[PDB]
Amino acid sequence: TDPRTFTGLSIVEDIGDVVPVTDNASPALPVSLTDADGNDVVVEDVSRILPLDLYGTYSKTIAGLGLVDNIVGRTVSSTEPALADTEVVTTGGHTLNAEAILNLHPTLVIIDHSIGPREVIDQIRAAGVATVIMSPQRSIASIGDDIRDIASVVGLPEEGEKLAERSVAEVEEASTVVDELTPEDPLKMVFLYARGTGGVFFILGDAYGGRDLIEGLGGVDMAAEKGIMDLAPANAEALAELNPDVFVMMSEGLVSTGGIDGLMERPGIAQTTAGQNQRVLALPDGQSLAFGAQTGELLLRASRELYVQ
Ligand code: HEM
């Protein structure tokens with residue numbers, strides 16, 4: 001069949017919790033490291049972990065290594081079922097809340113600068129909480145290395161190597177399937193971030209890693225073609241210029257702008273090829289740009305939705 005003739009929403013259901021590589025993780029502590037910001041940090045107690053980022057990666061990796069029970073708080077992005085009853089430490093979306101963090105008495109914060117403010121991260125460290133700044137590569141090729149880096153922080157190198165190899169095998173296997181399913185002329189795609197019916201409506205660019213996702217799905221990322229490094233408002237002119245065949249979105253994001261019907265009311269959407277086919281691939285918010293352990297499964301399920309009727 002011809003995937004350019006497909007119409008309407010395709011939605012991938014939540015992939016769920018990461019399958020841990022072990023049932024008896026025993027962190028080898030203490031660890032000393034120099035983090036991505038150049039801070040020397042000693043990690044001596046991982047009993048109460050806050051694994052915080054924009055993308056939902058770290059919480060999933062920590063669970064994959066065998067430490068899900070050690071997670072005591074989360075951001076809005078870590079939507080995995082195991083953490084559904086865990087205290088949320090961000091507000092207004094992605095803003096760190098120092099009070100919420102400190103009241104959980106964490107023993108380890110794993111974080112990066114995808115969320116802020118930086119001042120809150122500094123406050124937590126000054127209060128005595130071991131805080132480790134990561135700077136993950138966030139590419140499909142580097143899924144294993146990003147996992148090994150997290151594993152080192154919590155003193156689980158063997159679990160890290162197992163989880164890395166398992167995840168990389170899964171994502172290469174999925175790629176084999178994607179390559180068989182892709183059309184000769186790749187679909188043009190963009191990653192459209194929406195939250196609400198107002199101005200939070202953006203084409204995501206290089207910094208957010210969606211090119212890696214779109215190319216992993218066999219598509220061409222029009223944001224990369226147009227040189228969008230951070231993000232761009234998805235206004236009528238930008239949409240007309242990018243003219244994707246498919247909008248890749250987050251499922252709850254799409255709901256928040258009124259579903260397909262609400263999306264079609266936004267200026268410029270209906271005029272694109274994707275708009276004229278109402279063609280949206282909706283991915284679970286907390287996995288969509290998390291990469292990490294579940295990347296292979298995400299690519300497999302999403303490619304089935306894109307290319308199989
Ligand atoms: C790129 C990775 C991102 C992920 C995985 C992500 C994920 C999420 C999730 C899961 C929520 C909670 C929605 C809900 O509870 O239904 C949320 C909320 C929110 N996000 Fe993001 N987000 C991302 C990036 C962004 C960006 C780039 C912006 C702005 C430029 C943004 C602005 C917001 C705002 C304002 C909210 C508040 C929604 C509310 O009040 O319910 N997010 N995000």
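Each ligand, and each atom within it, is numbered from 1 in the order the structure gives. Heavy-atom basis, side chains included; hydrogens, waters and symmetry copies ignored. One-based numbering along the sequence shown.
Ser47 is linked by a side chain to side chain contact (heavy atoms under 4.5 Å, CB included) to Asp45, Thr107, counting only residues two or more places apart in sequence or in another chain.
Less than 4.0 angstrom separates some heavy atom of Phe202 from each of these atoms of ligand 1: 30 (C). Close approach to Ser77 involves these atoms of ligand 1, each under 4.0 Å from a residue heavy atom: 6 (C), 7 (C). Close approach to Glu252 involves these atoms of ligand 1, each under 4.0 Å from a residue heavy atom: 14 (C), 16 (O).
Among protein heavy atoms, the minimum distance from atom 10 (C) of ligand 1 is reached at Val76 O, 3.5 Å. In this structure, the protein non-hydrogen atom closest to atom 40 (O) of ligand 1 is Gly93 N, 4.8 Å. Regarding atom 3 (C) of ligand 1, its nearest protein heavy-atom neighbour is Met250 CE, 3.6 Å. The nearest protein atom to atom 23 (C) of ligand 1, hydrogens excluded, is given as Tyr193 CE1, 3.4 Å; this is a heavy-atom distance. Protein heavy atom nearest atom 9 (C) of ligand 1, with residue, atom name and distance: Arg195 NH2, 3.6 Å. The single protein non-hydrogen atom nearest to atom 35 (C) of ligand 1 is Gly92 O, 4.2 Å, given as residue, atom name and distance.
The line from OG of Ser175 to CG of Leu300 is 10.0 Å long, rounded to the nearest 0.5 Å.
Among all heavy-atom pairs drawn from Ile147 and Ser167, the shortest one is CD1-OG, 3.6 Å.
Side-chain atoms of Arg74 and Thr79 include no donor-acceptor pair closer than 3.5 Å.
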Audit row: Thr57, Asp146, side-chain contact (heavy atoms from CB on, under 4.5 Å) steps and yes/no: CA-CA 10 Å; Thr57 309; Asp146 285 352; over 6 Å; no

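Distance screen at 4.0 Å: atom 16 (O) of ligand 1 has a protein heavy-atom neighbour inside the cut-off.
A donor-acceptor pair under 3.5 Å links the side-chain atoms of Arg266 to the main chain of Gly198, judged by distance alone.
For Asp185 and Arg4, the salt-bridge test passes: some basic side-chain N is under 4.0 Å from an acidic carboxylate O.
Taking any N or O of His94, backbone or side chain, at least one lies under 3.5 Å from an N or O belonging to ligand 1.
A heavy-atom distance below 4.5 Å is found between the side chains of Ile140 and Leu299.
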